[PDB]
$ cat query19.tsv   # TSV, N, CA and C atoms and all ligand atoms
chain	number	residue	atom	x	y	z
A	1	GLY	N	18.94	-2.52	-2.24
A	1	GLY	CA	18.75	-3.01	-3.63
A	1	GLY	C	19.13	-1.97	-4.65
A	2	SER	N	18.14	-1.50	-5.40
A	2	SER	CA	18.34	-0.42	-6.35
A	2	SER	C	18.78	0.84	-5.62
A	3	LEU	N	18.30	1.00	-4.40
A	3	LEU	CA	18.76	2.06	-3.52
A	3	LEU	C	19.11	1.49	-2.16
A	4	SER	N	19.29	2.35	-1.17
A	4	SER	CA	19.58	1.92	0.19
A	4	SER	C	18.31	1.42	0.87
A	5	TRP	N	18.47	0.57	1.87
A	5	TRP	CA	17.34	0.02	2.59
A	5	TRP	C	16.61	1.10	3.36
A	6	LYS	N	15.30	0.97	3.44
A	6	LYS	CA	14.46	1.96	4.09
A	6	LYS	C	13.77	1.36	5.30
A	7	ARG	N	14.10	0.09	5.56
A	7	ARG	CA	13.65	-0.66	6.75
A	7	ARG	C	12.13	-0.84	6.82
A	8	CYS	N	11.69	-1.90	7.51
A	8	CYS	CA	10.28	-2.11	7.77
A	8	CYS	C	9.83	-1.23	8.92
A	9	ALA	N	8.91	-0.33	8.63
A	9	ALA	CA	8.34	0.53	9.65
A	9	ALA	C	7.23	-0.20	10.40
A	10	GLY	N	6.99	-1.45	9.99
A	10	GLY	CA	5.98	-2.25	10.63
A	10	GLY	C	6.49	-2.97	11.86
A	11	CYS	N	7.65	-3.61	11.74
A	11	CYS	CA	8.20	-4.36	12.86
A	11	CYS	C	9.54	-3.77	13.33
A	12	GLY	N	10.58	-4.59	13.30
A	12	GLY	CA	11.86	-4.20	13.83
A	12	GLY	C	12.61	-3.24	12.94
A	13	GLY	N	12.96	-3.69	11.74
A	13	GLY	CA	13.71	-2.86	10.83
A	13	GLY	C	14.19	-3.61	9.61
A	14	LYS	N	15.23	-4.41	9.77
A	14	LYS	CA	15.81	-5.15	8.66
A	14	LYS	C	14.83	-6.21	8.15
A	15	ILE	N	14.57	-6.19	6.85
A	15	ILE	CA	13.66	-7.14	6.24
A	15	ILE	C	14.43	-8.26	5.56
A	16	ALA	N	14.64	-9.35	6.27
A	16	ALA	CA	15.32	-10.51	5.71
A	16	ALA	C	14.30	-11.51	5.19
A	17	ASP	N	13.13	-11.01	4.86
A	17	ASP	CA	12.04	-11.85	4.39
A	17	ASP	C	11.92	-11.79	2.88
A	18	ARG	N	11.11	-12.67	2.32
A	18	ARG	CA	10.84	-12.67	0.90
A	18	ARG	C	9.67	-11.74	0.59
A	19	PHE	N	8.78	-11.61	1.55
A	19	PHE	CA	7.58	-10.80	1.38
A	19	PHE	C	7.80	-9.38	1.89
A	20	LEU	N	8.19	-8.49	0.99
A	20	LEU	CA	8.43	-7.11	1.34
A	20	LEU	C	7.51	-6.18	0.56
A	21	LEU	N	7.24	-5.03	1.14
A	21	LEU	CA	6.42	-4.01	0.52
A	21	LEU	C	7.06	-2.64	0.76
A	22	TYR	N	6.85	-1.71	-0.15
A	22	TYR	CA	7.35	-0.35	0.03
A	22	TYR	C	6.18	0.57	0.30
A	23	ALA	N	6.26	1.33	1.37
A	23	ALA	CA	5.25	2.34	1.65
A	23	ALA	C	5.83	3.47	2.48
A	24	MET	N	5.42	4.70	2.16
A	24	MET	CA	5.88	5.90	2.87
A	24	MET	C	7.38	6.11	2.69
A	25	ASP	N	7.93	5.59	1.58
A	25	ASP	CA	9.37	5.66	1.30
A	25	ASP	C	10.15	4.78	2.26
A	26	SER	N	9.42	3.94	2.98
A	26	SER	CA	10.01	2.95	3.86
A	26	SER	C	9.61	1.58	3.35
A	27	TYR	N	10.00	0.55	4.06
A	27	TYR	CA	9.59	-0.79	3.72
A	27	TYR	C	8.64	-1.31	4.77
A	28	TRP	N	7.89	-2.33	4.41
A	28	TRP	CA	6.92	-2.93	5.29
A	28	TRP	C	6.82	-4.42	4.98
A	29	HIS	N	6.18	-5.16	5.86
A	29	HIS	CA	5.83	-6.53	5.56
A	29	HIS	C	4.36	-6.56	5.16
A	30	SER	N	3.91	-7.67	4.58
A	30	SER	CA	2.54	-7.77	4.11
A	30	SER	C	1.53	-7.49	5.23
A	31	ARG	N	1.79	-8.04	6.40
A	31	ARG	CA	0.90	-7.85	7.55
A	31	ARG	C	1.45	-6.80	8.51
A	32	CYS	N	2.63	-6.25	8.19
A	32	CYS	CA	3.19	-5.16	8.98
A	32	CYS	C	2.54	-3.85	8.56
A	33	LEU	N	2.41	-3.66	7.24
A	33	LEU	CA	1.76	-2.48	6.68
A	33	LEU	C	0.32	-2.42	7.16
A	34	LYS	N	-0.50	-3.31	6.62
A	34	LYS	CA	-1.88	-3.53	7.08
A	34	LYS	C	-2.73	-2.26	7.08
A	35	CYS	N	-4.01	-2.50	7.22
A	35	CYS	CA	-5.02	-1.48	7.16
A	35	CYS	C	-5.04	-0.63	8.42
A	36	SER	N	-6.05	0.23	8.52
A	36	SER	CA	-6.30	0.95	9.75
A	36	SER	C	-7.42	0.28	10.53
A	37	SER	N	-8.56	0.10	9.88
A	37	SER	CA	-9.72	-0.48	10.54
A	37	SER	C	-9.91	-1.95	10.16
A	38	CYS	N	-9.88	-2.26	8.87
A	38	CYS	CA	-10.15	-3.61	8.39
A	38	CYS	C	-9.05	-4.59	8.80
A	39	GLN	N	-7.82	-4.11	8.82
A	39	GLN	CA	-6.65	-4.95	9.09
A	39	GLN	C	-6.52	-6.04	8.04
A	40	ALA	N	-6.66	-5.66	6.78
A	40	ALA	CA	-6.57	-6.61	5.69
A	40	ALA	C	-5.20	-6.53	5.03
A	41	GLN	N	-5.10	-7.04	3.82
A	41	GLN	CA	-3.86	-7.02	3.07
A	41	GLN	C	-3.89	-5.90	2.04
A	42	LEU	N	-3.25	-4.78	2.37
A	42	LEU	CA	-3.23	-3.61	1.50
A	42	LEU	C	-2.72	-3.95	0.10
A	43	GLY	N	-1.76	-4.86	0.03
A	43	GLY	CA	-1.19	-5.24	-1.26
A	43	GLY	C	-2.01	-6.27	-2.01
A	44	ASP	N	-3.13	-6.69	-1.44
A	44	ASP	CA	-3.98	-7.68	-2.09
A	44	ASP	C	-5.25	-7.06	-2.65
A	45	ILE	N	-5.60	-5.88	-2.14
A	45	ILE	CA	-6.80	-5.18	-2.60
A	45	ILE	C	-6.50	-4.36	-3.85
A	46	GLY	N	-5.25	-4.42	-4.28
A	46	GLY	CA	-4.80	-3.61	-5.39
A	46	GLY	C	-3.66	-2.72	-4.96
A	47	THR	N	-3.11	-1.93	-5.86
A	47	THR	CA	-2.03	-1.06	-5.48
A	47	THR	C	-2.56	0.32	-5.12
A	48	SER	N	-2.71	0.56	-3.82
A	48	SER	CA	-3.15	1.86	-3.31
A	48	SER	C	-2.83	1.97	-1.83
A	49	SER	N	-2.55	3.18	-1.37
A	49	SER	CA	-2.25	3.41	0.03
A	49	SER	C	-2.49	4.86	0.39
A	50	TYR	N	-3.22	5.09	1.47
A	50	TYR	CA	-3.52	6.44	1.90
A	50	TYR	C	-2.87	6.72	3.25
A	51	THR	N	-2.13	7.81	3.31
A	51	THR	CA	-1.42	8.20	4.51
A	51	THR	C	-1.94	9.53	5.03
A	52	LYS	N	-2.64	9.47	6.15
A	52	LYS	CA	-3.17	10.66	6.79
A	52	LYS	C	-3.27	10.42	8.29
A	53	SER	N	-3.01	11.46	9.08
A	53	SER	CA	-2.98	11.35	10.54
A	53	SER	C	-1.83	10.45	10.99
A	54	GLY	N	-0.84	10.27	10.12
A	54	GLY	CA	0.25	9.37	10.41
A	54	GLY	C	-0.19	7.92	10.33
A	55	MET	N	-1.36	7.70	9.75
A	55	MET	CA	-1.93	6.37	9.63
A	55	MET	C	-1.78	5.84	8.21
A	56	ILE	N	-1.98	4.55	8.07
A	56	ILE	CA	-1.97	3.90	6.76
A	56	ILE	C	-3.31	3.26	6.49
A	57	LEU	N	-3.99	3.73	5.46
A	57	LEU	CA	-5.34	3.29	5.17
A	57	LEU	C	-5.46	2.76	3.75
A	58	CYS	N	-6.37	1.82	3.57
A	58	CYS	CA	-6.74	1.36	2.25
A	58	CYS	C	-7.72	2.35	1.62
A	59	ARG	N	-8.26	2.01	0.47
A	59	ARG	CA	-9.24	2.87	-0.19
A	59	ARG	C	-10.54	2.92	0.62
A	60	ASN	N	-10.99	1.76	1.07
A	60	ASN	CA	-12.21	1.68	1.88
A	60	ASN	C	-12.02	2.36	3.23
A	61	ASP	N	-10.88	2.10	3.85
A	61	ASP	CA	-10.53	2.71	5.13
A	61	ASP	C	-10.57	4.23	5.01
A	62	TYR	N	-10.02	4.72	3.90
A	62	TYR	CA	-9.95	6.14	3.64
A	62	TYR	C	-11.33	6.76	3.58
A	63	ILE	N	-12.23	6.13	2.83
A	63	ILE	CA	-13.59	6.63	2.67
A	63	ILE	C	-14.33	6.64	4.01
A	64	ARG	N	-13.95	5.75	4.90
A	64	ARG	CA	-14.57	5.67	6.22
A	64	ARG	C	-14.02	6.74	7.16
A	65	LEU	N	-12.72	7.00	7.06
A	65	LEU	CA	-12.07	7.97	7.94
A	65	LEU	C	-12.20	9.39	7.40
A	66	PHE	N	-11.67	9.63	6.21
A	66	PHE	CA	-11.65	10.97	5.62
A	66	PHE	C	-12.41	10.98	4.30
A	67	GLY	N	-13.53	10.28	4.26
A	67	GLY	CA	-14.30	10.17	3.04
A	67	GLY	C	-15.19	11.37	2.80
A	68	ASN	N	-14.57	12.51	2.50
A	68	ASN	CA	-15.31	13.72	2.16
A	68	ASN	C	-16.06	13.51	0.85
A	69	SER	N	-17.31	13.97	0.80
A	69	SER	CA	-18.15	13.75	-0.37
A	69	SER	C	-17.59	14.45	-1.61
A	70	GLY	N	-16.88	13.69	-2.43
A	70	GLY	CA	-16.32	14.22	-3.65
A	70	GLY	C	-16.88	13.52	-4.87
A	71	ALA	N	-18.19	13.31	-4.86
A	71	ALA	CA	-18.87	12.64	-5.95
A	71	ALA	C	-20.12	13.41	-6.36
A	72	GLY	N	-20.04	14.10	-7.48
A	72	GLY	CA	-21.15	14.91	-7.94
A	72	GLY	C	-20.69	16.23	-8.51
A	73	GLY	N	-19.65	16.78	-7.90
A	73	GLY	CA	-19.05	18.00	-8.40
A	73	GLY	C	-17.67	17.74	-8.94
A	74	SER	N	-17.44	16.51	-9.36
A	74	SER	CA	-16.14	16.07	-9.82
A	74	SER	C	-16.18	15.76	-11.32
A	75	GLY	N	-15.70	16.69	-12.12
A	75	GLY	CA	-15.68	16.50	-13.55
A	75	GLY	C	-14.54	15.59	-13.97
A	76	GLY	N	-13.39	15.79	-13.35
A	76	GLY	CA	-12.25	14.95	-13.60
A	76	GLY	C	-11.89	14.10	-12.40
A	77	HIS	N	-10.65	14.21	-11.96
A	77	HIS	CA	-10.17	13.49	-10.78
A	77	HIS	C	-10.38	11.99	-10.91
A	78	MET	N	-10.05	11.45	-12.08
A	78	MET	CA	-10.19	10.03	-12.32
A	78	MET	C	-8.85	9.42	-12.69
A	79	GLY	N	-8.78	8.10	-12.67
A	79	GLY	CA	-7.54	7.41	-12.96
A	79	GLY	C	-6.85	6.97	-11.68
A	80	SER	N	-7.12	7.70	-10.61
A	80	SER	CA	-6.59	7.36	-9.30
A	80	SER	C	-7.30	6.14	-8.73
A	81	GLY	N	-6.62	5.42	-7.86
A	81	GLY	CA	-7.16	4.19	-7.33
A	81	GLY	C	-6.62	2.99	-8.08
A	82	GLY	N	-5.50	2.46	-7.60
A	82	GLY	CA	-4.89	1.31	-8.25
A	82	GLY	C	-5.47	0.02	-7.72
A	83	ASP	N	-6.46	0.17	-6.85
A	83	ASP	CA	-7.15	-0.95	-6.24
A	83	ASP	C	-7.97	-1.72	-7.27
A	84	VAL	N	-8.43	-2.89	-6.86
A	84	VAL	CA	-9.32	-3.69	-7.68
A	84	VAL	C	-10.64	-3.89	-6.94
A	85	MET	N	-11.02	-2.88	-6.16
A	85	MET	CA	-12.23	-2.94	-5.36
A	85	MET	C	-13.29	-2.00	-5.91
A	86	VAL	N	-12.87	-0.81	-6.33
A	86	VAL	CA	-13.79	0.16	-6.90
A	86	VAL	C	-13.37	0.55	-8.32
A	87	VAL	N	-12.06	0.60	-8.57
A	87	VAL	CA	-11.55	0.95	-9.89
A	87	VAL	C	-10.97	-0.26	-10.60
A	88	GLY	N	-11.14	-1.43	-10.00
A	88	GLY	CA	-10.65	-2.65	-10.61
A	88	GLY	C	-11.47	-3.04	-11.83
A	89	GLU	N	-12.78	-2.92	-11.69
A	89	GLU	CA	-13.69	-3.18	-12.79
A	89	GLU	C	-14.59	-1.97	-13.00
A	90	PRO	N	-14.86	-1.62	-14.27
A	90	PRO	CA	-15.66	-0.43	-14.61
A	90	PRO	C	-17.04	-0.45	-13.96
A	91	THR	N	-17.20	0.33	-12.90
A	91	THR	CA	-18.47	0.44	-12.21
A	91	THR	C	-18.98	1.88	-12.24
A	92	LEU	N	-18.09	2.81	-11.91
A	92	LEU	CA	-18.41	4.22	-11.96
A	92	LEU	C	-17.13	5.05	-12.11
A	93	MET	N	-16.82	5.40	-13.34
A	93	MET	CA	-15.65	6.21	-13.64
A	93	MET	C	-16.01	7.69	-13.57
A	94	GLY	N	-16.72	8.07	-12.51
A	94	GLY	CA	-17.16	9.44	-12.36
A	94	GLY	C	-16.27	10.22	-11.42
A	95	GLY	N	-15.22	9.57	-10.93
A	95	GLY	CA	-14.30	10.24	-10.03
A	95	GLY	C	-14.91	10.50	-8.67
A	96	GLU	N	-15.45	9.46	-8.06
A	96	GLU	CA	-16.04	9.58	-6.73
A	96	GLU	C	-14.94	9.51	-5.69
A	97	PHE	N	-14.40	10.67	-5.33
A	97	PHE	CA	-13.26	10.77	-4.43
A	97	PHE	C	-12.07	10.00	-4.99
A	98	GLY	N	-11.66	10.37	-6.20
A	98	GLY	CA	-10.51	9.75	-6.82
A	98	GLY	C	-9.23	10.46	-6.43
A	99	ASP	N	-8.94	10.45	-5.15
A	99	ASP	CA	-7.80	11.18	-4.61
A	99	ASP	C	-6.48	10.55	-5.05
A	100	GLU	N	-5.60	11.37	-5.60
A	100	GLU	CA	-4.30	10.92	-6.07
A	100	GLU	C	-3.27	10.98	-4.95
A	101	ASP	N	-3.76	11.05	-3.72
A	101	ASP	CA	-2.89	11.07	-2.55
A	101	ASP	C	-2.33	9.67	-2.27
A	102	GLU	N	-2.79	8.70	-3.04
A	102	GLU	CA	-2.37	7.31	-2.87
A	102	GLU	C	-1.07	7.03	-3.65
A	103	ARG	N	-1.01	5.85	-4.27
A	103	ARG	CA	0.14	5.44	-5.08
A	103	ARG	C	1.43	5.42	-4.25
A	104	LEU	N	1.35	4.84	-3.07
A	104	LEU	CA	2.51	4.75	-2.20
A	104	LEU	C	2.99	3.31	-2.06
A	105	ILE	N	2.25	2.37	-2.65
A	105	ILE	CA	2.60	0.96	-2.52
A	105	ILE	C	3.48	0.49	-3.67
A	106	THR	N	4.62	-0.07	-3.30
A	106	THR	CA	5.51	-0.74	-4.23
A	106	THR	C	5.69	-2.18	-3.76
A	107	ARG	N	5.23	-3.13	-4.55
A	107	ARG	CA	5.16	-4.50	-4.06
A	107	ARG	C	5.68	-5.52	-5.07
A	108	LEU	N	6.69	-6.25	-4.65
A	108	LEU	CA	7.09	-7.48	-5.32
A	108	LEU	C	7.61	-8.43	-4.25
A	109	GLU	N	6.79	-9.39	-3.87
A	109	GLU	CA	7.13	-10.24	-2.74
A	109	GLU	C	7.94	-11.44	-3.19
A	110	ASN	N	9.23	-11.19	-3.37
A	110	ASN	CA	10.22	-12.19	-3.74
A	110	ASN	C	11.56	-11.49	-3.91
A	111	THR	N	12.54	-12.18	-4.45
A	111	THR	CA	13.84	-11.58	-4.73
A	111	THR	C	13.76	-10.65	-5.95
A	112	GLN	N	12.53	-10.34	-6.37
A	112	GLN	CA	12.29	-9.43	-7.48
A	112	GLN	C	12.60	-8.00	-7.05
A	113	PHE	N	12.08	-7.63	-5.89
A	113	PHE	CA	12.33	-6.32	-5.32
A	113	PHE	C	13.40	-6.40	-4.23
A	114	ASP	N	13.47	-5.40	-3.37
A	114	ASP	CA	14.49	-5.33	-2.33
A	114	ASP	C	14.17	-6.24	-1.14
A	115	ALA	N	13.75	-7.46	-1.43
A	115	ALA	CA	13.52	-8.46	-0.39
A	115	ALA	C	14.75	-9.35	-0.26
A	116	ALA	N	15.83	-8.92	-0.91
A	116	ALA	CA	17.07	-9.67	-0.90
A	116	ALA	C	18.06	-9.08	0.09
A	117	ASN	N	17.98	-9.53	1.33
A	117	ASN	CA	18.92	-9.11	2.36
A	117	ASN	C	20.22	-9.87	2.19
A	118	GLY	N	20.08	-11.15	1.89
A	118	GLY	CA	21.22	-12.00	1.65
A	118	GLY	C	20.79	-13.40	1.27
A	119	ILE	N	21.59	-14.06	0.45
A	119	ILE	CA	21.27	-15.41	0.02
A	119	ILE	C	22.20	-16.40	0.71
A	120	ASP	N	21.76	-16.90	1.85
A	120	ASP	CA	22.57	-17.82	2.64
A	120	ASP	C	21.73	-19.01	3.07
A	121	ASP	N	22.26	-20.20	2.84
A	121	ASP	CA	21.57	-21.43	3.21
A	121	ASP	C	21.87	-21.78	4.66
A	122	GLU	N	21.30	-22.88	5.14
A	122	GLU	CA	21.47	-23.28	6.53
A	122	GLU	C	22.81	-23.98	6.72
B	1	ZN	ZN	7.88	-5.96	9.19
B	2	ZN	ZN	-8.77	-1.25	5.09
$ encode --input "query19.tsv" --output "structure tokens" --more "lines below"
Ligand SMILES: [Zn+2]
Ligand SMILES: [Zn+2]
Amino acid sequence: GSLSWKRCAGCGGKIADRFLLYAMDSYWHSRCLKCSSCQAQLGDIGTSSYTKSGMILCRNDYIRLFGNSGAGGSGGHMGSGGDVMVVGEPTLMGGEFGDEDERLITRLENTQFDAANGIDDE
């Protein structure tokens, strides 16, 4: 698309689908990307993605795996978390583990993004 294809690291490679996602500088499918533990829709919980141990985790997954206590001695470290689970609605803007290690999800599931492999009818 705007650049060269980065292939789905979830399944085979070439994404000839309408539902594409960008993660880790590669491409993924909605259920190809997926969580670590929950196995939910990373692109539906908001825009956020955590990559550690070579794994792909959501915000909740992250707190469960590498959720080091970063709430109490955190004066700043806010704004991070593109999710709509904890930072979607104002609940606690105190920067409780507001790790900026995320922001790896690029999502437009249609011919809006690089989900355009080719336009060919049957
Ligand atoms: Zn895939
Ligand atoms: Zn998860």
$ residues_near_point --input "query19.tsv" --point "(9.2, -0.4, -0.2)" --cutoff "7 Å" --atoms "only C-alpha atoms" --output "list in words"
residues 20, 21, 22, 23, 25, 26, 27, 28, 106 and 107 of chain A
$ residues_near_ligand --input "query19.tsv" --ligand "ligand ZN 1 (chain B)" --cutoff "5 Å" --atoms "all atoms listed in the file" --output "ChimeraX atom specification"
/A:8,10-11,28-29,32
$ closest_atom_pairs --input "query19.tsv" --of "chain A" --to "ligand ZN 2 (chain B)" --cutoff "6 Å" --atoms "all atoms listed in the file" --output "CSV"
residue,atom,partner,partner_atom,distance
A:35,CA,B:ZN2,ZN,4.3
A:36,N,B:ZN2,ZN,4.6
A:37,N,B:ZN2,ZN,5.0
A:38,N,B:ZN2,ZN,4.1
A:39,N,B:ZN2,ZN,4.8
A:40,N,B:ZN2,ZN,5.2
A:57,C,B:ZN2,ZN,5.4
A:58,N,B:ZN2,ZN,4.2
A:59,N,B:ZN2,ZN,5.7
A:60,C,B:ZN2,ZN,5.2
A:61,N,B:ZN2,ZN,4.1
$ select_by_dssp --input "query19.tsv" --residues "chain A" --states "helix (DSSP H, G or I)" --output "ChimeraX atom specification"
/A:30-33,59-66
$ select_by_dssp --input "query19.tsv" --residues "stretch 56-98 of chain A" --states "strand (DSSP E or B)" --output "PyMOL selection string"
chain A and resi 56-57+82-83
$ atom_distance --input "query19.tsv" --atom1 "atom N of residue A:13" --atom2 "atom C of residue A:47"
23.3 Å
$ decode --input "query19.tsv" --residues "stretch 71-102 of chain A" --atoms "N, CA and C atoms" --output "compact mmCIF listing (two decimals), in the first residue's frame"
# COMPACT_ATOMS: atom_id res chain seq x y z
N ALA A 71 2.23 1.97 40.29
CA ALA A 71 1.13 2.84 40.70
C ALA A 71 1.33 3.31 42.13
N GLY A 72 1.73 4.56 42.29
CA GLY A 72 1.99 5.09 43.61
C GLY A 72 3.22 5.96 43.62
N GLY A 73 4.22 5.57 42.84
CA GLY A 73 5.42 6.37 42.70
C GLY A 73 5.52 6.94 41.31
N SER A 74 4.37 7.10 40.67
CA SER A 74 4.31 7.55 39.30
C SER A 74 3.67 8.93 39.22
N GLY A 75 4.51 9.95 39.08
CA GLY A 75 4.01 11.31 38.99
C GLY A 75 3.47 11.61 37.61
N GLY A 76 4.17 11.13 36.61
CA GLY A 76 3.73 11.28 35.24
C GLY A 76 3.34 9.96 34.62
N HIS A 77 3.97 9.64 33.49
CA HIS A 77 3.74 8.37 32.80
C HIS A 77 2.27 8.16 32.48
N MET A 78 1.62 9.20 31.98
CA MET A 78 0.22 9.12 31.62
C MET A 78 0.02 9.46 30.15
N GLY A 79 -1.16 9.16 29.63
CA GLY A 79 -1.43 9.38 28.23
C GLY A 79 -1.31 8.10 27.43
N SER A 80 -0.49 7.18 27.94
CA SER A 80 -0.32 5.88 27.34
C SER A 80 -1.55 5.01 27.59
N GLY A 81 -1.78 4.05 26.70
CA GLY A 81 -2.97 3.24 26.79
C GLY A 81 -4.05 3.74 25.87
N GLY A 82 -4.05 3.25 24.64
CA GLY A 82 -5.04 3.67 23.66
C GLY A 82 -6.30 2.84 23.77
N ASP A 83 -6.30 1.96 24.75
CA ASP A 83 -7.41 1.07 25.02
C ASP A 83 -8.63 1.84 25.51
N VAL A 84 -9.76 1.16 25.55
CA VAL A 84 -10.98 1.71 26.11
C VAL A 84 -11.43 0.85 27.28
N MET A 85 -10.46 0.28 27.98
CA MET A 85 -10.73 -0.60 29.10
C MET A 85 -10.36 0.07 30.42
N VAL A 86 -9.23 0.76 30.43
CA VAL A 86 -8.77 1.45 31.63
C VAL A 86 -8.60 2.95 31.36
N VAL A 87 -8.18 3.30 30.15
CA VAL A 87 -7.98 4.70 29.79
C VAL A 87 -9.06 5.17 28.82
N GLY A 88 -10.05 4.33 28.58
CA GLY A 88 -11.14 4.70 27.70
C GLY A 88 -12.04 5.73 28.33
N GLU A 89 -12.35 5.53 29.60
CA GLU A 89 -13.14 6.47 30.36
C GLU A 89 -12.38 6.88 31.62
N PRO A 90 -12.44 8.17 31.99
CA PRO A 90 -11.70 8.69 33.15
C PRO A 90 -12.03 7.96 34.44
N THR A 91 -11.13 7.08 34.86
CA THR A 91 -11.31 6.33 36.10
C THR A 91 -10.17 6.64 37.07
N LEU A 92 -8.95 6.58 36.56
CA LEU A 92 -7.77 6.92 37.34
C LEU A 92 -6.62 7.33 36.43
N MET A 93 -6.47 8.63 36.25
CA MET A 93 -5.41 9.18 35.43
C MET A 93 -4.16 9.41 36.27
N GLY A 94 -3.81 8.40 37.07
CA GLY A 94 -2.67 8.52 37.96
C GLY A 94 -1.44 7.83 37.40
N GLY A 95 -1.57 7.30 36.20
CA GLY A 95 -0.45 6.64 35.56
C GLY A 95 -0.10 5.33 36.23
N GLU A 96 -1.10 4.47 36.39
CA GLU A 96 -0.89 3.15 36.98
C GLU A 96 -0.34 2.20 35.93
N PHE A 97 0.98 2.15 35.83
CA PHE A 97 1.66 1.37 34.79
C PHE A 97 1.23 1.84 33.40
N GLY A 98 1.43 3.13 33.15
CA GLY A 98 1.11 3.69 31.85
C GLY A 98 2.27 3.56 30.89
N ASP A 99 2.65 2.32 30.62
CA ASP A 99 3.82 2.05 29.80
C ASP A 99 3.59 2.43 28.35
N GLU A 100 4.52 3.22 27.81
CA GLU A 100 4.43 3.67 26.42
C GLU A 100 5.09 2.67 25.48
N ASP A 101 5.27 1.45 25.97
CA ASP A 101 5.85 0.38 25.17
C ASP A 101 4.82 -0.15 24.17
N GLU A 102 3.60 0.35 24.26
CA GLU A 102 2.51 -0.08 23.38
C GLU A 102 2.51 0.71 22.07
